[PDB]
Amino acid sequence: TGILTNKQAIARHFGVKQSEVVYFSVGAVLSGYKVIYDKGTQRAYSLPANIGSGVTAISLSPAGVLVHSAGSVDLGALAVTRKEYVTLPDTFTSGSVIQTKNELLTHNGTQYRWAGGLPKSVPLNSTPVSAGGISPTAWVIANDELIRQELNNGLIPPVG
Amino acid sequence: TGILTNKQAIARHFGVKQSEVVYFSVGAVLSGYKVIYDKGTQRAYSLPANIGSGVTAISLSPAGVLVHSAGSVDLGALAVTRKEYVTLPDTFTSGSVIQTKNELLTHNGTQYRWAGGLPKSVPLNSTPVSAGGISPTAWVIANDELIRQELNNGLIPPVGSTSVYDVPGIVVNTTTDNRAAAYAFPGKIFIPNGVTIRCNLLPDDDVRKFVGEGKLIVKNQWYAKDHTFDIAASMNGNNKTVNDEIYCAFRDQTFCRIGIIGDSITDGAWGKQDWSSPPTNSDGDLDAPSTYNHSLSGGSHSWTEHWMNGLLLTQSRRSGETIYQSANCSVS
Ligand SMILES: [Cl-]
Ligand SMILES: [Cl-]
């Protein structure tokens with residue numbers, strides 16, 4: 001079946017076992033799984049470390065917000081912490097729509113994530129500055145993200 | 001079929017829909033697709049953002065150059081912009097052949113892309129230096145590529161400043177007046193070496209707004225004229241010296257206008273009993289535009305003009321030319 005080969009494809013992408021991938025659906029038990037797959041958007045998200053035992057899925061939003069028995073988690077935000085990104089086949093110049101926190105939009109070879117409200121419309125002929133500016137609550141450069149922040153906040157120790 | 005599972009595997013790798021992957025073939029319609037697959041090389045490339053409607057595929061080269069109905073695109077170059085790389089299972093030491101701009105060859109744990117001619121032969125026991133050198137038109141380190149270039153070109157803003165390219169409203173040219181945008185922005189602004197913008201500063205504007213080593217083009221508010229503000233000199237000093245300029249002007253016989261900003265004592269009280277201040281407007285500021293010279297008027301006998309007298313009497317030992325003159329902008 002196409003399910004098994006897809007779970008297989010997903011498992012190799014994330015480096016987990018085939019048995020550790022699960023399709024989202026209503027009532028789907030989440031315990032033990034490490035990756036969830038949204039068949040509607042065809043996007044996969046790695047799951048929070050310790051989902052409780054006997055926890056079942058309720059809903060999954062277009063932004064990647066998961067609602068389940070024991071609470072709610074933003075999978076897009078979780079993917080950002082794990083640097084698990086989808087690099088959109090667009091630019092700020094070509095325009096695009098951003099749906100999740102883990103989508104990346106390119107401008108002159110540089111990738112930006114969006115940290116503000118979703119969805120984020122980006123019109124034709126735009127710029128990270130022209131389309132909401134560059135700031136912690138707006139467009140964030142994903143490439144070299146930590147080393148950039150350390151440099152911009154003087155957090156790099158002198159040699160030795 | 002093996003096609004569907006492959007498209008499936010590709011779709012998850014790039015994070016697109018299965019329907020958004022297409023195998024290359026002749027006449028294959030390209031519109032709407034986001035990834036193309038070369039079955040001969042078994043390499044996949046993400047497609048340019050807006051391929052026109054009804055566009056069909058003609059050819060796909062070993063370097064990843066795609067030819068279609070509405071033109072031609074280098075998919076390897078496009079993958080570089082998206083940092084979509086294939087890391088070859090070789091080293092410079094083991095040798096390899098490079099076919100595309102998005103292939104990476106390793107040397108001591110570091111990945112290099114090739115920006116020169118293709119294909120690129122790399123013999124056994126090589127080095128990025130030994131096999132074409134490291135340069136923008138040769139081997140390029142792919143790891144941390146942007147942050148490396150910013151560091152190697154001094155494009156990283158000092159702590160607490162923002163790069164001028166990231167500030168709302170700024171246009172980086174020499175014609176647009178960036179003054180309103182720059183001081184609407186509440187923080188400091190970093191302008192890198194070699195970069196000039198026009199910022200028609202007003203006299204009350206704190207020039208410490210700008211850091212870095214760039215330059216401002218500043219319009220004269222009273223005459224059809226521009227002035228250059230050197231931020232590097234403003235930040236680090238210009239190493240110029242009052243004595244240096246004065247002695248240099250003596251030696252070079254060049255003009256040396258000496259300006260003074262001061263109060264009552266330097267204004268000229270009481271250098272002569274009929275002393276008077278420079279003209280000032282209703283705000284209390286110096287009149288501008290102006291043809292006023294304090295040294296020929298109420299400040300004719302300020303200590304500045306006696307200072308000039310000594311300079312000119314020393315100058316007289318070389319020439320009759322009057323190279324030392326004051327601009328005494330002092331008001332009681
Ligand atoms: Cl200083
Ligand atoms: Cl007036």
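Within every chain, numbering begins at 1; the chains are lettered A, B, ... in the order of the sequence lines, protein sequences first and strands thereafter. Just so it is clear, the values below take in all heavy atoms, side chains as well, and ignore hydrogens, waters and symmetry mates.
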For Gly15(B), is there any backbone N or O sitting under 3.5 Å from a side-chain donor or acceptor partner on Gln42(A)?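 Not a single qualifying donor-acceptor pair exists.
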
As an exercise, state the distance from [atom1] of [X] to [atom2] of [Y], rounded to the nearest 0.5 Å.
X	Y	atom1	atom2	answer
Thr127(A)	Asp166(B)	OG1	CG	10.5 Å
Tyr165(B)	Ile134(A)	OH	CD1	12.5 Å
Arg43(A)	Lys17(B)	CZ	NZ	8.5 Å

Where does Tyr85(A) contact chain B at under 4.5 Å (heavy atoms): side chain, backbone, both or neither?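 It is neither, since no heavy atom gets under 4.5 Å.
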
For the candidates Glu103(A), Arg12(A), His13(A), which exhibits the highest count of non-hydrogen atom pairs separated by less than 4.5 Å from chain B?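 If we count pairs closer than 4.5 Å to chain B, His13(A) comes out on top.
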
Max heavy-atom pairs within cutoff under 4.5 Å with chain B, candidates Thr93(A), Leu88(A), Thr110(A), goes to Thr110(A)

Using non-hydrogen atoms and a limit below 4.5 Å, what part of residues 139-160 of chain A faces chain B? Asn143(A), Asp144(A), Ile147(A), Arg148(A), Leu151(A), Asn152(A), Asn153(A), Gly154(A)

Is there a donor-acceptor contact under 3.5 Å linking the side chains of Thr87(A) and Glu84(B)?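 There is no such pair (donor and acceptor under 3.5 Å, judged by atom type) between the side chains of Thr87(A) and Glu84(B).
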
Counting only non-hydrogen atoms closer than 4.5 Å, does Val167(B) touch chain A with its backbone (N, CA, C, O), its side chain (CB onward), both, or neither?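 Backbone only.
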
Against chain A, label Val16(B) side chain, backbone, both or neither, depending on which of its atoms sit under 4.5 Å from a heavy atom there. backbone

Check this for me: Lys34(A), atom NZ, are more than 12 non-hydrogen atoms of other residues, nucleotides or ligands nearer than 6.0 Å?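 Check fails, neighbour count at 12 or below.
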
Note, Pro89(A) side chain near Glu20(B) side chain (heavy atom, < 4.5 Å): no

Which atom of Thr5(A) lies closest to which atom of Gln8(B), heavy atoms considered: OG1-NE2, 2.7 Å

